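Examination of the molecular architecture
Okay, here's what each chain looks like letter by letter:
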Amino acid sequence: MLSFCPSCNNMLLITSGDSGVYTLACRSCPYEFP
Amino acid sequence: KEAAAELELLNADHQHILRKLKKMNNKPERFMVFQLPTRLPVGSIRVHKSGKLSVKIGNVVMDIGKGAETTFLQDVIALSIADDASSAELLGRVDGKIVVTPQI
Amino acid sequence: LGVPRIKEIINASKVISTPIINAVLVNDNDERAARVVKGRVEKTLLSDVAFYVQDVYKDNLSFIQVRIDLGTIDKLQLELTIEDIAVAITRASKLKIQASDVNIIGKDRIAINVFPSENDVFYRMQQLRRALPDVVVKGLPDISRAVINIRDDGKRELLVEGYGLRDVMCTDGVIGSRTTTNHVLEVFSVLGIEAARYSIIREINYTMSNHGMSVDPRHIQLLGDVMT
Amino acid sequence: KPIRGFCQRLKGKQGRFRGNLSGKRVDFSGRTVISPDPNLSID
Amino acid sequence: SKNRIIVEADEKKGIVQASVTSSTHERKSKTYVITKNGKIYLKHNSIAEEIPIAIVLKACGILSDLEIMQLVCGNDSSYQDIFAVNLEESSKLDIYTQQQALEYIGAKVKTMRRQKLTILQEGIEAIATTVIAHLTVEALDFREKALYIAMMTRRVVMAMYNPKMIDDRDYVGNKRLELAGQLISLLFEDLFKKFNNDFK
Amino acid sequence: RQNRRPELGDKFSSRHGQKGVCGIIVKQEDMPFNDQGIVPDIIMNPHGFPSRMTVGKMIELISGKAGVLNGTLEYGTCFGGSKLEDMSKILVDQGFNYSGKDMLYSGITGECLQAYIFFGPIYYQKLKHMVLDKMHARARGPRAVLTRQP
Amino acid sequence: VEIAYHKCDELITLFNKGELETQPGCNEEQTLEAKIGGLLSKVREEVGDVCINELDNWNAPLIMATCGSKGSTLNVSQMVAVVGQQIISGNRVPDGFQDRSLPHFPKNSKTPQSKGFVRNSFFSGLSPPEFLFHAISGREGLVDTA
Amino acid sequence: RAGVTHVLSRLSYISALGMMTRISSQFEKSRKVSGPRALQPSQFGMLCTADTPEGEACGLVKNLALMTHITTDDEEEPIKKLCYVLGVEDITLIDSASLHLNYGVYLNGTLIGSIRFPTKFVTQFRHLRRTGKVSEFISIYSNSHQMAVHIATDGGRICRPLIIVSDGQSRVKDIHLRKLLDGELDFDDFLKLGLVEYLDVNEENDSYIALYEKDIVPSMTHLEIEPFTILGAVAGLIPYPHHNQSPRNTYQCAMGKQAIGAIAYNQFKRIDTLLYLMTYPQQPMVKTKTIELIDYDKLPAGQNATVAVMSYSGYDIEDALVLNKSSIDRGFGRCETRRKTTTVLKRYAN
Amino acid sequence: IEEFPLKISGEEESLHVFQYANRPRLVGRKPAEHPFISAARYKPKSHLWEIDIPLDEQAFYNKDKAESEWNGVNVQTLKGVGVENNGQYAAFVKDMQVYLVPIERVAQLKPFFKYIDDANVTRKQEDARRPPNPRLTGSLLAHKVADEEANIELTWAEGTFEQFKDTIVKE
Amino acid sequence: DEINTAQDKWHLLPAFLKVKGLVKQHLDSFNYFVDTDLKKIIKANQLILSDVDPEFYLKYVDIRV
Ligand SMILES: [Zn+2]
């Protein structure tokens, strides 16, 4: 789904954020985005 | 036929590596990497009549083949190491890559 | 029609190869009505009627979106509302959803959301992303591919390559008096026992007469009675 | 290499019940080639 | 044809790819690529379980995970959606690195019965990466053995995209005609070592 | 050591894939004969050539007969060899029919035959499976130790 | 046999144009496959019927096919006129490799005389390419008994 | 595996020669599949076609051709050094993008180089092979469904030789074909000078073999040497097979091994188990170019008699035979049976 | 018509070329820049390269979660094995001249997640705290010599203008 | 005999079988086994050794048939 996290090219992940916010942020890499 | 669809590509890169040759005459820390034929049985990069590049690197050995072949979706930089010391200096990034091959 | 036609008949095999069933129509001319039961009998897959599916985020929503092409309903002459799709999402027990979460948005658009041993938010809407566009919305849920063709008269019939038989008699545009079939041992379930005997009588002397040789009629009415 | 047994011979192709009970071997027989002859009668 | 890859097409039990390899020292090993319910796996006669491929190429150092989509599928095709289920099995176990990707295999191997009394439990996957796919061997990089799995895996995805691409194992080029003098030699070295170990 | 004579039963062949068993043994009087009195050796019925489609024996017999009168052996190869139209020229100079289709009297009654004959030398090789070591009979003999069967 | 060849020629060249008759039966690129076998089975029976009215009496493959003794009107036709196209289990000699049958024939050339059909008689002879295509159905005549 | 050896059958001369060239398969338990039972079209000149037994062993036994050499492996190391001279890249450098865009050399199924524009790479390598710097048993099979070319050096695979044709004129050079018959130009020098080369089954993909010199095109390579070399030595004794039906060839090739005639020159000296002879053998009238290469004519099997095809007395209904008492009395094929029997004097413990 | 002569001036100097799998050549028909090397690392006899990199702050950094588990901040190292090959010579192009240098090795730098590793080294250790009580050769021999040897901090600098002079003076 | 390359390409097919026979497969395979491969076996099982009396050894240096 073209979910490439730059500087690692690994993956993205839909993370249940603060107040249930649906921010996308992958594991094994310090990166976040709405 | 389809086997003639690349001798024009062999013309379409001699004119597209000479343009890159001419822009980089200003020696602005540009690099180009290319492979030499080892196992020999110095020269001169020259153009023949109407777009034809070749070298003569040996005393007799003639090499006609020059073709810029890759697609380059990355970065490279050259750096020189010296005797495992305070010797980490970055030279520069490489723009193009060609190959040298003999005729048979 | 040869040796691997005789073998499964005397075996009474549950898995028969190419189970075509025969259904005669009501009309004789097309009149946009000889193929309208073919829409009523075929397993209508929604991936033909859907056009564009994607996941829409504002800030806090996780819902897939589906939009249909109403011109397809005009094209292949099938008859259905919009609400019966929204029924058929929760009518599939393979996808594990809650029964009533479905909201209709306008005419062509339709969307469904889900929400919560963790991180299933990303997983379930990615699992269902391809596991939604593979469900039946209308038609018989057993058969594979119905084929309409023409006989040597102006009357035409419909050939259905499926295993369900009783609901073929239950649907409209067809009579429940002349609908022959294959796979004898499901006629034993549907039409008593005396139909399944005459089904065995009819099949063998059909699949032998088209090889040229003909033994007797009478050598088969003993074979039907010794099995039944 | 697997050893024979009682059940290991009552079943199978022509172990028992097919080459010993159903189809036996007979006495007073022959097995030769054939050649045609028109000049004698049928039967 | 020993020491080559062959593709197969089976109707109802999914489809499998085989590659048999045998060098002259104890080796008789064939490798399988199974496609269970839309997910690719690798089973071998030394591993007790099946392993999805997104681990074993990260165990060879290639871990950037956008290389892996670009090697298997390339670009601008339907292959990326076909491969789209395979990538998340790496995400479930949460390995994401070259270090953890080895011992996942070696925790599920039942082989060699501790012949060496000094195990490392991290070194026993370097040799598990050595007794596999015995066409090529490795020294330190695990480079060519990685992509050789991927080139094997590109065939099996193309098999599911259309079944016409599968070739039969009765094409004459897939047959190695093996003669007598190069066959009596196989019995000779087996029997010649049976001589002198009885002589010692 | 023993030898034997080819009496009836013995399986013959034709080198173009025709199994064949000797039916009977006639004498020489009953055999037919051409104008020169040449008596043929083996008889086969014409009823094989439409079914078996063996064109090769139909053209080998022409290729054989013209070679004998010319005294020269002829080559039959695959995908080539000696042709037909140059071979018919040879034996028509010798005086026979232009495609070997001769005519000959009957040995049993004397007169001509209403149809024409087809004639020549063909190469009949004997096979194995002679009948002197296949005829056997067991009237009442030895029985098996476990089953009391033959 | 050239009449059926150039009728095939206008039927094979409709790949750049993209003609598809769409017979009932969901063709999907077999209209230039399932029809040529129909017209090749026209020339195979027509020429065998020319012989019967144009052969003299007292002819031995004729006089034992006029009876029901042994033979047919098709068996003599393969001996004198044309042997037809070899079929393989309902297939007109499928391709061997690289979308073709032989190294003697050009790439992806979907003509008969190159896939299945052999035009010359048993009396005339067989060419080294067409000798192999007869030697596939002759293998099938021995396998199917097993 | 069992039964890897067999007693050679001394029924005929060629029966002891036909068993020297035969193939015993692996019986991979594909008894339901007619794939291996059938015949594939990638067999023309690779191995024989019209000699295959029937009955139980119906299609798992096959037989070599008349012109056939088996390859042998040489080495895979120096050719990997040779392609780097030809301007191919290395495996540890390329991106993931370029390898699917370009083609790729495969060494025994393994990529090493990721070559671009293969036609300059492959045709120079033929010119390296025909000159004879690299050994000649290498194939440059090059498909186009996937994006790759193949290099093969594994050895032990089928191949046959055919002559090289460059363009609309061949490399025949009939003065060389005259210089062969002088006696100093053998067949090994044809591949040394560059006038013949071996092709496996995989190189016959890329080839466009011609039949005859009257069939040469300016787009036509590799003229075929001799078209009737497609039949085995036990199949070659059929005269004019191209007129004959193909199912009536396997019926003879299964019987040709059962023909009686001579055996050998020392046949009155050897003591074998059950060995027949013919008293008066004769060479056949219509020979073959095949049978004079195996010297079948020097000790033949069977004799040629004078046939008169006709119905007679009803004693030949379907393919029976009728012959005369005189010709047997003149000695028409009086066969002779020789049979061994043996016993061993044995010493006991006392 | 014209000829441009080339000569080889290279000995005693081994230069390695790095490959960045993440960083492409261009960004929207514009060539990007190389990331700034914070620190460097080399291990002889095992030939590794651990280039440390800085990733940017607050905007896309996700600081609060990053320091929690693995406690490693602003450092992203990437591993690459130095692989040699024949041929493959580097060259700078002078006006009407070009001089050559032989390339010793070429590395392919792959992202080496060390902070996830180091957090999971300790996770092996802290699980062992609570209970607390109750011949190889070939390729795996090359791993037991690669983990334990001397590390050398390379002083990352930008130079080579001296090295540009050194090639021209050699004939 | 005005020889041509039209129908006399056959006359090298005996020139193949003369110098290079018809039992090529069994001759050339076994004869390679006798010369080359027999040296390659004893070089793979050279230097028999025992643990008791460690200064004892016996080595296979060559092979002749
Ligand atoms: Zn990432």
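Residues numbered from 1 in each chain as written, not as in the entry; some residues may be left out. Chains lettered and ligands numbered in written order. Part of a larger assembly, values for the part shown. Heavy atoms only, no water. Residues with missing side-chain atoms left out of burial classes, pairs and counts.

As stated in the entry header, the method of structure determination is cryo-EM and the reported resolution is 4.20 Å.

Some thoughts on the overall build of chain B
Along its length, chain B carries 1 helix and 6 strands. Along its sequence from the N terminus, chain B presents helices and strands in the succession α-β-β-β-β-β-β. Every one of the 104 residues in chain B was classed for burial, and the buried ones make up 42%. Put simply, chain B shows about 5,600 Å² of open surface, and 63% of that area lies on carbon and sulfur atoms. Here chain B contributes 15 positive and 12 negative side-chain charges, whose respective centroids are spaced 11 Å apart. (Helix = DSSP H or I, 4+ residues; strand = E, 2+ residues; numbered from the N terminus. Buried < 20%, exposed > 50% of the residue type's maximum accessible area, 1.4 Å probe, protein only. Areas by Shrake-Rupley, 256 points an atom, 1.4 Å probe, with all protein chains shown as cover. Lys, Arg positive; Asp, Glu negative; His and termini not counted. Charge placed at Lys NZ, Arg CZ, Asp CG, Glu CD.)

A look at the overall build of chain G
Of regular secondary structure, chain G possesses 6 helices and 0 strands. Projected onto its principal axes, the C-alpha coordinates of chain G cover approximately 55 × 35 × 30 Å. A fraction of 62% describes how many contacts in chain G between residues 6 or more apart in sequence connect residues 24 or more apart. Summed over all atoms, the accessible surface of chain G reaches about 8,400 Å², with 53% contributed by carbon and sulfur. For chain G, the distance from the average site of its 13 positive side-chain charges to the average site of its 18 negative ones is 4 Å. (Contact = heavy atoms within 4.5 Å.)

Examining the nonpolar core
In this structure, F187 and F190 of chain H are the most contacted members of the largest nonpolar core, which totals 50 residues. Once residues lying within four places of it in the same chain are set aside, the contact partners of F190 of chain H are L180, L185, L195 and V196 of chain H together with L12 of chain J. In this structure, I15, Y79, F83 and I166 of chain E belong to the second largest nonpolar core, which totals 35 residues. (Core = buried A, V, L, I, M, F, W, Y, C linked by side-chain atoms within 4.5 Å.)

Considering the arrangement of the chains
Contact analysis covers 18 pairs of chains in contact, and the most contacts occur between chains F and H. A gap remains between chain A and chain D, with no contact made and the closest C-alpha atoms lying 56 Å from each other. One finds no contact linking chain C with chain J; the least C-alpha distance across the pair is 45 Å.

A closer look at the coordination of the zinc ion
The zinc ion binds to the protein through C5 of chain A (SG) and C8 of chain A (SG), with metal-donor distances spanning 2.2 to 2.6 Å. The same class applies to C5 of chain A and to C8 of chain A, which are both buried. (Donors = N, O, S within 2.8 Å, 3.2 Å for Na, K, Ca; no water.)

Structural notes on the interface of chain H and chain G
Between chain H and chain G, the contact holds 28 residues from the first and 28 residues from the second. Summed over both partners, the interface of chain H with chain G comes to about 2,700 Å²; 66% of that surface belongs to carbon and sulfur atoms. Applying the counting rule to chain H against chain G returns 0 salt bridges. Inspection of the chain H/chain G interface yields 7 residue pairs in polar contact. Of all the secondary-structure elements, those providing two or more residues to the side of chain H that touches chain G are α7 (203-206) and α8 (247-256) of chain H. Considering only residue class, the side of chain H that touches chain G consists of 13 nonpolar, 11 polar and 4 charged. (Buried area = accessible area lost by both parts, 1.4 Å probe. Salt bridge = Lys/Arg side-chain N within 4 Å of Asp/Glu carboxyl O. Polar contact = N/O pair within 3.5 Å; in protein donor to acceptor, adjacent residues only side chain to side chain. Nonpolar A, V, L, I, M, F, W, Y, C, P; charged D, E, K, R; others polar.)

A look at the pattern of salt bridges
All told, the structure shown has 38 salt bridges over all chains when counted by the stated rule. Between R176 of chain E and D154 of chain H there is a salt bridge; the shortest N-O distance is 2.6 Å. Residue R176 of chain E is located in the loop between α6 (144-161) and α7 (181-199), and its partner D154 of chain H is located in the loop between β6 (149-151) and β7 (158-163); the two belong to separate chains. A salt bridge links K9 of chain J to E213 of chain H; the shortest N-O distance between them is 3.5 Å. Of this pair, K9 of chain J sits in the segment before α1 (13-19) while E213 of chain H is found in the loop between α7 and α8, placing the two residues in two different chains. Owing to a relative accessible area of 9%, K9 of chain J belongs among the buried residues under this scheme. It is possible to trace a salt-bridge network through shared partners that takes in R5, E8, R202 and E203 of chain C.

Digging into the pairing of β7 of chain H
All names here are of chain H. By the criterion of burial, β7 is predominantly enclosed, with 6 of the 6 residues buried. A two-sided burial pattern is seen for β7, the buried positions comprising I158, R160 and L162 on one face and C159, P161 and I163 on the other. In this sheet, strand β8 (residues 196-200) lies alongside β7 in antiparallel orientation, the contact comprising 5 bridges. Bridge pairing in β8 places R160 opposite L199. (Pairing = 2+ DSSP bridges.)

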